[PDB]
A.B. asks: 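My questions all concern the structure below.
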Amino acid sequence: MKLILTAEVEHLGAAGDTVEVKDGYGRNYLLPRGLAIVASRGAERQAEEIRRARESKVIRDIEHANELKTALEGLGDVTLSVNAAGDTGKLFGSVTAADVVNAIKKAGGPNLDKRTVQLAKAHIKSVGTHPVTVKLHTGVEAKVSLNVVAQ
Amino acid sequence: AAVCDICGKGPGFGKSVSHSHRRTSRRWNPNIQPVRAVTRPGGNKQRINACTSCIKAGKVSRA
RNA sequence: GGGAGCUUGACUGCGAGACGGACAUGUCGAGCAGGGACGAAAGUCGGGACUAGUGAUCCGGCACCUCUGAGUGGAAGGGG
RNA sequence: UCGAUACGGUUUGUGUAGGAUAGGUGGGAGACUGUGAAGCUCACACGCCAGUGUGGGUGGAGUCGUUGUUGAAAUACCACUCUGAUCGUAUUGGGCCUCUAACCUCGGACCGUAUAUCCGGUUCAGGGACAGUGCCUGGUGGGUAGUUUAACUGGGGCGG
RNA sequence: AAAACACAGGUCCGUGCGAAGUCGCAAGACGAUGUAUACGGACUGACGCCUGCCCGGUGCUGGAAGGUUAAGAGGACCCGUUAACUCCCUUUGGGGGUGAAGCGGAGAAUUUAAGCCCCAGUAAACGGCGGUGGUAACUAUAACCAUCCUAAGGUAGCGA
RNA sequence: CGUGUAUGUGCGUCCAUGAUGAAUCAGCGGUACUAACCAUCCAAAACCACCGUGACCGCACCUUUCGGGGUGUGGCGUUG
RNA sequence: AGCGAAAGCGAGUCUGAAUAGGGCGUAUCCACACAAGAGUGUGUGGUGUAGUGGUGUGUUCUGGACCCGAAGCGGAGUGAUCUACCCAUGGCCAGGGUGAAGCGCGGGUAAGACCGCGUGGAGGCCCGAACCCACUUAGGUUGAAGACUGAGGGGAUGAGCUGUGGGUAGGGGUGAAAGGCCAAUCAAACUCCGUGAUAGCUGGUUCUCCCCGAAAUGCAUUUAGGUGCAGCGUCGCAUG
RNA sequence: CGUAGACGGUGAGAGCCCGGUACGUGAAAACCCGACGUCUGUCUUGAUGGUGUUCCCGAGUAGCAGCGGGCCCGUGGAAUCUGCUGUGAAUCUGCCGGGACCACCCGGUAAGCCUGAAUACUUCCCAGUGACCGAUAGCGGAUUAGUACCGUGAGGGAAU
RNA sequence: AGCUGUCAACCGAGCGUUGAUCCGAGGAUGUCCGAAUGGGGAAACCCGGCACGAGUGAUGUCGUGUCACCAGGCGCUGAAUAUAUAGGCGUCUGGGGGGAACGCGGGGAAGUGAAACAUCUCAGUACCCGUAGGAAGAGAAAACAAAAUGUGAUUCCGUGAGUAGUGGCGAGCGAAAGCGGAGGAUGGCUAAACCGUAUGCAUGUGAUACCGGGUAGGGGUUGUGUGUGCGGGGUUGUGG
């Protein structure tokens, strides 16, 4: 199996390094634990792999960093744009954890991952300060709120 | 376990042929193993039976 | 039957007219190239004095052959 | 722990006379040293009963010039390094100890689930890369099965 | 209808526990909601005196170093066709010898399993359990003379 | 077992009458969780000693003529 | 248009270095010659060769194959209302006896052990009905009955008997084991299907008359009561 | 009389007595089969023909083995087609098929599809046919017929 | 113009030219059981969950609906664990079973023959399983043939041929090409760069920057497609 690593592994390479390792190793240890990605296309497994490595290194949380990030997320109201109807409010699309993460980054600042927000729990179907929770750590909720406007 | 839950590989049927050429019906069973496959990257691993052909072809995902 | 000389007629290759012959096995080989001598010329020999000492067909071996060779060239395989 | 593949650091070659271990053939035979050839107690150890291998201190303007033919002329120098003890990497192998992630657990706890010793999801704890069956493979195999176990014969068998 | 089966009692073997064993392709079940003082299997068959020798054959239980030993990517060599080399004739082309890359065969050296061979156990496993003939062996007799062969020679007890 | 009636006791609340409120702002002990300490605990590395002789050799043999074996005369891989 | 194994050749061809002979072919027949009497050949010249479609008949091939007949084999199902065993839940066991263990009391015992006395009422205990069996006998034996009857007989508080409801199913069940039982059948149940199984074996095969008319031998045979061929019959042709 | 002499019935062989027959006619409704318009899509948002150079031309596939199935082909020299197991390619100087491999040469551009007609059959319905049976025949069944009867059951299964 | 079906009569009742009985086509009702489906069940017989008629002083009753389980779509919900999910709820749409033959795909005997028997045959038969449709499967060659400016999807018939072969080369088995016919009908998509687009990541530094051109500018397709969906401008060899 030819795959390019997303993080540092021993004698397998470094983030972005291409290597051929046997199917069992890749399929059961690397792809699952997200330490590599199969090189479907060289340019892909290069740029997507690098983006994933940097994103993980930036979205890593810690014990005290958990409470610090909870404090940071306790900043204000984020906003997202999605098309709705004339008055119905039935959003043509649907918010995603990626949408909420990027909106938090661009408005508030705090960096974090998709395994933070409880998006479905926060049914977000209309518009307004629909609230969402970023599960920063084992038990560190954060009712960050999220307005909705037309796309 | 002779049917793959992805591709439906059933066991083939044929004859085991002896030195005396006695032909006795036998079965070529697929090599299907219990795989705890991960439908979505989420992580809940649902158990199924998939042929080693599917495991090799990447139709299984043990994420 | 007993002796010596030479030699390799299991003429092997081709084979007479004939004959012995429930269906599945035998006797002469007169002729032909090529031999064997003894010899001298004439001459005789297709293992044994004779009748036993063997096993069909199928399957395959092995040698040689101016035979076929699945489009053609060979080849595999087959055939004699 | 032991293997095999691409090149590879330096000697490693008494053929026979013999500076006398003639490195593989050519360049050779100005190419070789002051921070540094030598002979040396020695660093380091390799023998064909030839002495040898690069040298720290010595050592110091050093070997050489068909040094005499033993054609290959000191392996004192040039390419491939040729018989060749040792090469360090990457590829792939027998085996031992394992790290857990495959897979396994009728070990526990949770939840689906009011009902649940089902099963299946989570998790923990264990095994563990074995085991399990898949393909192929060798053995054992009346446990089961299909069968065969002749005829003559003063009946058949025994005998022949 | 018994002398047979069973029986309570015995002994051996298996079984570390979704055991062994059994029904099932499997899941599962029984075993057992049991736990080696329990289960399953084999034989014997209350109780009493006892169950003597033998592990050679065959099973089973362990393994002694070897040898034999399939399945493989260990693939030398060899063989097919031919890009092309050489030579003969013969010259608007077919006759021999050499033949790379390849791809297509058959494939040897070497290579490790179980089993077998092999060594020790095991007879309440299947099964075995002789002579001499020299003696007073007492001429009712158990030992003794000291004799060949195996693994041993039928021990107590009983016996028309 | 169900509907209607009458009364007897029978007892709800906006009410009324009784039990209780029972925790907070300070402030302590016990879980004792953060890390660390104690009682117990089973070990790796180095470590010694031994049974033992996977390597060695002969040393002695009922004798192969000792010359094949095996055990003591022993330092060893303490290899198990 | 054949010969051969084909490059194939072709009234020739194959075999063969060998115009050497043979094999097989050139329908057949007639004349002429040349030959040789080794059984006749060679050419030459004449007439020109007869298949093939229907269809009748006899045999024959593949089928059920002239018809009947196995025991048995396979596939799929049906059966534990009989019986075997087991599971759940019920029921029954007249009458008498013997008298266990314990529990008290007395002797002895240093004291116990033990021995008597009372209570006790145990047992795959005893005798014996119901009940369940089936040892003997006689009868039945075209029975009253496809297993019984009459006399006796065994067990009869148990490993008992029995009702109801269940479970186990055929190469399987169940079996205190008889190869027993599994629906009057069991050394592999039954029904349907394969299927009109197959049988060198047994049986059967139906009107007539005219002509001829056997064989029971040889050889071979997983053969010996079968069959092939020959021998012997018949009917056609040909020779006579 | 006959475009009617088909067949049946009628008191016995009926073209002319009857139902009919030849030949004519008859659908309100429903269904079917046709066309005829709305309607549906597409093309027109264009058609023409020549040059030279990168990417594309169906991947766990083809191919290769180990074991099989199928083909005349019973593993055979065994192609082509196929199942299961591994191993696993390139995209046109590609790849297959020509019963293994070629200067070869021909067939061409698989690993994703849908496709009428020609074809097989008759539970059922309609109209007919018979050198078919004619009540032990013909369906088991002309009557009660899968009935009665038998068997627990599957099933067997009549007679009239 | 007679009728009230028939065995199959006897009635007593009646109907019918104002059109019956009879025929044909639509409908209506259509108990209970059966896939059976509200639950149960020994099939056809037992017990239940909204609004209405009742049945009143009221319970008790019966009428109509409706109520199985599965999949699939769509809505909610999203357990244990956190984005996130198995599952649960609600609603639509289907499925279930039967049928004689034919079809396709799988499994697959044995009697039997081989005069035994195992290879083989029987036979891919019987049977079994899964599945359709009015037909079904195959079908538009990377095919077959061999040097013919060869045919040109499949299927089905006849031949080829009981041939070539195959075969314990035994019993047996047995094609294909070619040819003659029935029928005729050589349609669309997936790849490529992207036209365009829609949507799932990472942010560099939000400028690569776009209508393809040049020539004005901001903050633009953010810009980068690696992942899909969609109308292609898209799409067969001597090449699109």
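Sequence lines set the chain letters: A, B, ... in the order given, protein chains first and strands last, and positions in each chain run from 1.
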A.B. asks: Is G171(G) north-puckered or south-puckered, judged from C1'-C2'-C3'-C4'?
C.D. replies: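 It is south, as the sign of the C1'-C2'-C3'-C4' dihedral turns out negative.
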A.B. asks: In the structure shown, which nucleotide is the Watson-Crick or G-U wobble counterpart of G187(I), with both distances under 3.5 Å?
C.D. replies: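 Pair assignment: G187(I) / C114(H).
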A.B. asks: Please classify the sugar of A230(G) as north or south using the torsion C1'-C2'-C3'-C4'.
C.D. replies: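 North.
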A.B. asks: Strictly by Watson-Crick or wobble contacts shorter than 3.5 Å, is anything paired with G83(H), and which nucleotide is it?
C.D. replies: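 Pairing partner, where one exists within any strand: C67(H).
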A.B. asks: Identify which nucleotide among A101(D), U85(H), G69(H) has an atom closest to any side-chain atom of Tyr25(A), counting heavy atoms from C-beta outward.
C.D. replies: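 Of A101(D), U85(H), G69(H), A101(D) is nearest to the side chain of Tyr25(A).
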A.B. asks: Taking all non-hydrogen atoms of both residues, which atom of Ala15(A) and which atom of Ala53(A) are closest, and how far apart?
C.D. replies: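 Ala15(A) and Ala53(A) have their closest heavy atoms at CB-CB, 4.1 Å.
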A.B. asks: When you get a sec, tell me which of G86(H), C103(D), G78(I) is the closest nucleotide to the side chain of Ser53(B)?
C.D. replies: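 From the listed options, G86(H) comes nearest.
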A.B. asks: Are more than 12 heavy atoms from other residues, nucleotides or ligands located less than 6.0 Å from atom NZ of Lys90(A)?
C.D. replies: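 Atom NZ in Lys90(A) is not packed in, count stays at 12 or less.
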A.B. asks: Name the nucleic acid region contacted by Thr96(A), choosing base, sugar-phosphate or nothing; use a 4.0 angstrom heavy-atom cut-off, strictly under.
C.D. replies: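 Nothing: the residue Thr96(A), judged by heavy atoms under 4.0 Å, touches no strand.
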A.B. asks: Are OP1 or OP2 of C120(I) and a side-chain N or O of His21(B) less than 4.0 angstrom apart?
C.D. replies: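 Yes, such a contact exists.
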A.B. asks: So what's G56(E) paired with, Watson-Crick or G-U wobble, going by both distances under 3.5 Å?
C.D. replies: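 When the pairing criteria are applied, nothing turns out to pair with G56(E), so the answer is none.
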A.B. asks: For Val149(A) and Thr79(A), work out which heavy atoms get closest and say how close.
C.D. replies: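 Closest approach of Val149(A) to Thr79(A), heavy atoms only: CG1-OG1, 4.3 Å.
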A.B. asks: Between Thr52(B) and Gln33(B), which heavy-atom pair has the shortest distance, and what is it?
C.D. replies: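 Minimum heavy-atom contact is OG1-NE2, 2.7 Å.
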A.B. asks: Are any of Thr133(A)'s side-chain N or O atoms less than 4.0 Å away from OP1 or OP2 of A82(I)?
C.D. replies: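 For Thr133(A), the contact criterion (side-chain N or O under 4.0 Å from OP1 or OP2 of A82(I)) is not met.
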A.B. asks: Using the rule given for side chain to side chain contact (heavy atoms under 4.5 Å, CB included), can you reason through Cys54(B) versus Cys4(B), listing the C-alpha separation, both sets of side-chain angles and the distance that settles it, and then say yes or no?
C.D. replies: CA-CA 8 Å; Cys54(B) 281; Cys4(B) 177; 3.9 Å; yes
A.B. asks: If pairing requires Watson-Crick or G-U wobble contacts with both distances under 3.5 Å, which nucleotide is the partner of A84(E)?
C.D. replies: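 In the structure as shown, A84(E) has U98(E) as its Watson-Crick or wobble partner.
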A.B. asks: Are OP1 or OP2 of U133(D) and a side-chain N or O of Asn29(B) less than 4.0 angstrom apart?
C.D. replies: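 False: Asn29(B) side-chain N/O out of range (4.0 Å or more) of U133(D) OP1/OP2.
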A.B. asks: Are OP1 or OP2 of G60(H) and a side-chain N or O of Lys59(B) less than 4.0 angstrom apart?
C.D. replies: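 Checking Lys59(B) against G60(H): no side-chain N or O falls below 4.0 Å of OP1 or OP2.
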A.B. asks: Base, sugar-phosphate, or nothing: which does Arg115(A) touch, judged by heavy atoms less than 4.0 Å apart?
C.D. replies: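 Since a base atom lies under 4.0 Å of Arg115(A), the category is base.
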A.B. asks: Base, sugar-phosphate or nothing for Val35(B)? Non-hydrogen atoms, less than 4.0 Å.
C.D. replies: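 Contact class for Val35(B): sugar-phosphate only.
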A.B. asks: If a positive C1'-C2'-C3'-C4' torsion means north (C3'-endo side) and a negative one means south (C2'-endo side), where does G13(D) fall?
C.D. replies: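 On the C2'-endo side: south.
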A.B. asks: Could you tell me the Watson-Crick or G-U partner of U143(H), where both distances fall under 3.5 Å? Say none if there is no partner.
C.D. replies: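 No nucleotide pairs with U143(H).
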A.B. asks: If only side-chain N and O atoms of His123(A) are considered, is one of them under 4.0 Å from the OP1 or OP2 phosphate oxygen of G78(I)?
C.D. replies: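 For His123(A), the contact criterion (side-chain N or O under 4.0 Å from OP1 or OP2 of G78(I)) is met.
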A.B. asks: With heavy atoms under 4.0 Å as the rule, sort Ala1(B) into base, sugar-phosphate or nothing.
C.D. replies: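 The residue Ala1(B) makes no contact with any strand.
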A.B. asks: By the rule that syn is within 90° of 0, classify the base conformation of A38(G) as syn or anti.
C.D. replies: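 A38(G): syn.
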A.B. asks: Looking at the base of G83(H), is there any donor atom on it, or on the side chain of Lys9(B), that sits under 3.5 Å from an acceptor on the other one?
C.D. replies: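 Check fails, no donor-acceptor contact within cut-off.
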A.B. asks: Mind telling me whether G165(G) is syn or anti, cutoff 90° either side of 0?
C.D. replies: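 For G165(G), whose glycosidic angle is more than 90° from 0, the conformation is anti.
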A.B. asks: Where is the tightest heavy-atom contact between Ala36(A) and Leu5(A), given as atom of each residue plus distance?
C.D. replies: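 That closest heavy-atom pairing would be CB-CD2, 3.5 Å.
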A.B. asks: Just call it for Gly58(B): base, sugar-phosphate, or nothing, with non-hydrogen atoms closer than 4.0 Å on any strand.
C.D. replies: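 Contact class for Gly58(B): none.
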A.B. asks: Does a nitrogen or oxygen in the side chain of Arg47(B) sit under 4.0 Å from OP1 or OP2 of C104(D)?
C.D. replies: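 Result: yes.
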A.B. asks: Between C93(G) and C132(G), how far apart are the two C1' atoms, rounded to whole Å?
C.D. replies: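 Approximately 11 Å lies between the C1' atom of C93(G) and that of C132(G).
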A.B. asks: Nearest to the side chain of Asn44(B), heavy atoms from C-beta on, is which of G78(I), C120(I), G121(D)?
C.D. replies: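 Nearest to the side-chain atoms of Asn44(B), counting from C-beta on, is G121(D).
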A.B. asks: Give a yes or no on whether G121(G) and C192(G) are a Watson-Crick or wobble pair, applying the 3.5 Å threshold to both distances.
C.D. replies: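 No, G121(G) does not pair with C192(G).
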A.B. asks: Just to confirm, do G74(E) and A73(E), adjacent in the strand, meet the stacking rule in which the six-membered ring centres are under 5.5 angstrom apart and the planes are under 30°?
C.D. replies: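 Flagged as non-stacked, criteria not both satisfied.
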A.B. asks: Taking the same atom, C1', in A191(I) and in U238(I), what whole-Å distance lies between them?
C.D. replies: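 Pairwise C1' distance, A191(I) against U238(I), rounds to 22 Å.
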A.B. asks: Would you tell me if any nitrogen or oxygen in the side chain of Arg36(B) comes within less than 4.0 Å of OP1 or OP2 on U122(D)?
C.D. replies: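 Affirmative; the distance criterion is met.
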A.B. asks: For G56(D), does the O4'-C1'-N9-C4 (purine) or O4'-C1'-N1-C2 (pyrimidine) torsion place it in syn, i.e. within 90° of 0, or in anti?
C.D. replies: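 Anti for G56(D); the angle lies over 90° from 0.
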A.B. asks: Could you check which nucleotide pairs with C47(E) in any of the strands shown, counting Watson-Crick or G-U wobble with both distances under 3.5 Å?
C.D. replies: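 Checking every strand shown, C47(E) finds no partner, since no pair has both distances under 3.5 Å.
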A.B. asks: Which nucleotides of nucleotides 93-100 of chain D have their base under 4.0 Å from a protein heavy atom (B), which only their sugar-phosphate (S), and which neither (-), written as one string 5' to 3'?
C.D. replies: --------
A.B. asks: Would one find a side-chain N or O of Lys114(A) under 4.0 angstrom from OP1 or OP2 of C201(I)?
C.D. replies: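 Answer yes for this pair, as a side-chain N or O of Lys114(A) is under 4.0 Å from OP1 or OP2.
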A.B. asks: For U226(I), which nucleotide in any strand shown is its Watson-Crick or wobble partner with both distances under 3.5 Å?
C.D. replies: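 Check on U226(I): unpaired, no WC or wobble geometry under 3.5 Å.
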A.B. asks: Counting only Watson-Crick or G-U wobble pairs whose two distances fall under 3.5 Å, which nucleotide matches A45(D)?
C.D. replies: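 Paired with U52(D).
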A.B. asks: Has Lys15(B) got a side-chain N or O lying under 4.0 Å from the OP1 or OP2 atom of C84(H)?
C.D. replies: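 It does not, given that no N or O in the side chain of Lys15(B) lies less than 4.0 Å from OP1 or OP2 of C84(H).
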A.B. asks: For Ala120(A), which contact category applies under a 4.0 Å heavy-atom criterion: base, sugar-phosphate, or nothing?
C.D. replies: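 It contacts sugar-phosphate atoms only.
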A.B. asks: What are the two closest non-hydrogen atoms of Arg62(B) and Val38(B), and how far apart are they?
C.D. replies: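 In terms of heavy atoms, the two residues are closest at C-CG2, 4.0 Å.
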A.B. asks: Taking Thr88(A) for the side chain and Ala85(A) for the main chain, is one N or O donor matched with an acceptor at less than 3.5 Å?
C.D. replies: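 Looks like no, no N/O pair under 3.5 Å.
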A.B. asks: Tell me whether the OP1 or OP2 atom of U87(H) has a side-chain N or O from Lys56(B) closer than 4.0 Å.
C.D. replies: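 Yes, such a contact exists.
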A.B. asks: Would you call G97(E) syn or anti, using the 90° rule around 0?
C.D. replies: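 Chi for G97(E) falls in the anti range.
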A.B. asks: Taking only side-chain nitrogens and oxygens of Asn102(A), does any of them come within less than 4.0 Å of OP1 or OP2 of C201(I)?
C.D. replies: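 No, no such contact exists.
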A.B. asks: Name the closest nucleotide to the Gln33(B) side chain, picking from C135(D), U119(I), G132(D).
C.D. replies: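 So the side chain of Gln33(B) is nearest to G132(D).
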A.B. asks: Which part of the nucleic acid does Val132(A) contact within heavy-atom distance under 4.0 Å: base, sugar-phosphate only, or nothing?
C.D. replies: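 The residue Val132(A) makes no contact with any strand.
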A.B. asks: Quick check on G83(H): is either OP1 or OP2 less than 4.0 Å from any side-chain nitrogen or oxygen of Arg27(B)?
C.D. replies: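 No, no such contact exists.
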A.B. asks: Considering just the side-chain nitrogens and oxygens of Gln46(B), establish if one lies under 4.0 Å of OP1 or OP2 belonging to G121(D).
C.D. replies: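 Checking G121(D) against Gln46(B), a side-chain N or O does come within under 4.0 Å of OP1 or OP2.
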A.B. asks: Of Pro30(B) and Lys45(B), whose closest RNA chain D nucleotide lies nearer the 5' terminus?
C.D. replies: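 Looking at RNA chain D, the more 5' nearest nucleotide goes with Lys45(B).
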A.B. asks: How should the glycosidic conformation of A109(D) be described, syn or anti, under the criterion that syn lies within 90° of 0?
C.D. replies: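 Anti conformation here, the glycosidic angle of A109(D) being more than 90° from 0.
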A.B. asks: North or south for the sugar of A76(C)? Use the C1'-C2'-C3'-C4' sign convention, positive meaning north.
C.D. replies: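 On the sign test, where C1'-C2'-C3'-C4' is positive, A76(C) is classed north.
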A.B. asks: Can you tell me if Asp77(A) and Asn147(A) form a side-chain donor-acceptor pair at under 3.5 Å?
C.D. replies: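 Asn147(A) and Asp77(A) do have a side-chain donor-acceptor pair below 3.5 Å.
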A.B. asks: Please state the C1' separation for the pair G15(D) and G24(D) - nearest whole angstrom.
C.D. replies: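 So the two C1' atoms sit 16 Å from each other.
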A.B. asks: In residues 126-133 of chain A, what donor-acceptor pairs under 3.5 Å come from side-chain atoms, sequence neighbours left out?
C.D. replies:
unit_1: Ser126(A); atom_1: OG; unit_2: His130(A); atom_2: NE2; d: 2.7
unit_1: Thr129(A); atom_1: OG1; unit_2: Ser145(A); atom_2: OG; d: 3.4
unit_1: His130(A); atom_1: NE2; unit_2: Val127(A); atom_2: N; d: 3.1
unit_1: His130(A); atom_1: NE2; unit_2: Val127(A); atom_2: O; d: 2.7
unit_1: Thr133(A); atom_1: OG1; unit_2: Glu141(A); atom_2: OE2; d: 3.3

A.B. asks: By sign alone, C1'-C2'-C3'-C4' of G30(D) puts its sugar north or south?
C.D. replies: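 Negative torsion, so south.
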A.B. asks: Taking everything shown except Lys22(A) itself, do over 12 heavy atoms lie less than 6.0 Å from its NZ?
C.D. replies: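 Check fails, neighbour count at 12 or below.
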A.B. asks: Work out which heavy atom in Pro11(B) is nearest to a heavy atom in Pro30(B); give both atom names and the distance.
C.D. replies: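 Answer, listing the atom of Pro11(B) first, then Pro30(B): CA-CD, 3.6 Å.
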A.B. asks: Does the side chain of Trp28(B) get closer than 4.0 angstrom to OP1 or OP2 of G69(H) through an N or O atom?
C.D. replies: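 No, no such contact exists.
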